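The data below hold one chain only, encoded as C-alpha cells and taken in the form solved without the named molecule.
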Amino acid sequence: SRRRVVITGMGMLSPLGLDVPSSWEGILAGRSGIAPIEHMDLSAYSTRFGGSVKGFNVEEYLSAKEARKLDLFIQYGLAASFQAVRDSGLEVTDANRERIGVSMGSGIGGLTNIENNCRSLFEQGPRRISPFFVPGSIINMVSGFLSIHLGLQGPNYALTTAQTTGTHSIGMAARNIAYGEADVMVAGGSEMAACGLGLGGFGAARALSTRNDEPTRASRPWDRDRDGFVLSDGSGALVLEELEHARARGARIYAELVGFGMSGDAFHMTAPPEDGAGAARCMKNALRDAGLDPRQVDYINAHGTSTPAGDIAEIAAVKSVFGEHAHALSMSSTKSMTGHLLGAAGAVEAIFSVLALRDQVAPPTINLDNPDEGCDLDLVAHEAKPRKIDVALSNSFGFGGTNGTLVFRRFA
C-alpha cells in the first residue's frame, strides 16, 4: 500500500511575477511576460526576446555576500523554495528534520556563471576563476543550500531531465513520501538560460521563435503561424506532505497529488514522435497510477511549447488516450503567456494546475488566432474559462524523449 500526498505550500518566480498570486493573476488575465531581453547585446542573435524575471531582489532571501556565491538559477530556486516552505506553515524541529527532504532540479543549470568564468579563464587565465565556481554552479546546490539553511536532513537530491525536470522532481518527491522515505519534500525546478549560450545554443538548433517584432505574440501553441518556443527564466517549488502529517498540524491543503507517470519515447534526441505515442503511454501510466479512468480528467496543462511537431504530437496523444472524452476536457498551454521555463516549466505548470483546481478555471492559450490542422480540441483560446475541474493533468515532454505526467485532484 501507499500513503497519500497533498500540496500544502507553493512558491514561484516567473516572467509574470515574483510570487504565485501575482503570476496566477497574469495567467487568468491572459498577460504575456515576454519582452526584448535587456542588459545583454543580442544584435548578432536571431532571437532577441524571452521571459525574464523582472525586479527580483535576492536580498529578500540571502545576504548579498551569500548570493554572490550562487548562479541566478540557484537564487531563483531558493526564492521559490523559501516561499513554498513559508506558505506551508511547516515548523522544522529535531523531531522531524530527518523526515524533510528536497528535490529541486534544473535542465541546464549554471550557464550564466559558466559564461562569466570562461571570460575570466580566457582573458586572465585559471587563477581568476571564483573559488565558488563549482559549488555555485552545480544543479544540486538548490537542494544543498536549502537543506543547510533550514536544517533539512531528509532525502537530498536533484533531477536534470531537460524540459521534464520540474515534473519529474515533483513526481519522484511524491513517491519518496508515498513509500514512507520522507513525510515532507520541497520539489520543483529553476532555470536561467538567457545568456549567449542559451539563446545562441537553442538559436543554432533553430528551436526558438524569431518573431522579434512582436515578442508577446511569439509563443502561440497550436497556432498555424508558430515558429518555435520562447526561452524563459524562473522557478517553481511545492511543499509535498503526507496527508495525515498535514491534517495533524492543521495545514491548509491546496490539492492532492494522486498520479505520476514517466515514459521514454525512445524516438529522437530533440523531436517527439508525430503521433505522440510516448506522451500517450506516460499519461496512461499516470492515470493507472491514480486509479482513474481517462473520462475523469477535466483539465490538462499541456507542455504546449509552440514548436510545430511538439504541439501536434500532444493533440494526437490526448485524442489517443481520451477518445470520446478528448473534446469534453479543456487543455491549455500557459507557455502562450510564460514562455518555456525549460527545467522549471513543469514546476510552475504544476502550480498553475493546482490553482486551476482551487479557482475552478482553465487558464487560456493566448495567441491561438488560427488553430492548425487537427488542433480542434477545447484549447481555451484567448481567455480563461471557468468550469468544473475535479482532476487536472500537467504534462512535460523533453529532449531525449523523456516524458512526465502529474495527476492532481481536488481535496475535501
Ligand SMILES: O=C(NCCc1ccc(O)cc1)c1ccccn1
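Residue numbers run from 1 along the displayed sequence.
Omitted here: the form solved in complex with the named molecule. The next part is about that form.
Exercise for the section: Within 4.5 Å of the named molecule in the deposited complex, counting heavy atoms only, one of 25-33, 371-379, 57-65, 346-354 shows up; tell me which. Expected result: Going through the listed ranges, the match is 57-65.
Handout entry: Candidate from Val85, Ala326, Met331, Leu72 lying within 4.5 Å of the named molecule in the deposited complex - any heavy atom
Key = Spelling it out, the residue with a heavy atom inside the cut-off is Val85.
Practice task
Please check if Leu150 has a heavy atom lying within 4.5 Å of any heavy atom of the named molecule in the deposited complex.
Solution key: Flag for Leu150 set to yes.
Exercise for the section: State yes or no: in the deposited complex, is some non-hydrogen atom of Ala251 no more than 4.5 angstroms from a non-hydrogen atom of the named molecule? Expected result: Output for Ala251 is no: heavy atoms all beyond 4.5 Å of the named molecule.
Practice task
Report whether the minimum heavy atom distance between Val92 and the named molecule in the deposited complex is within 4.5 Å.
Solution key: Residue-level check for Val92: yes, a contact with the named molecule.
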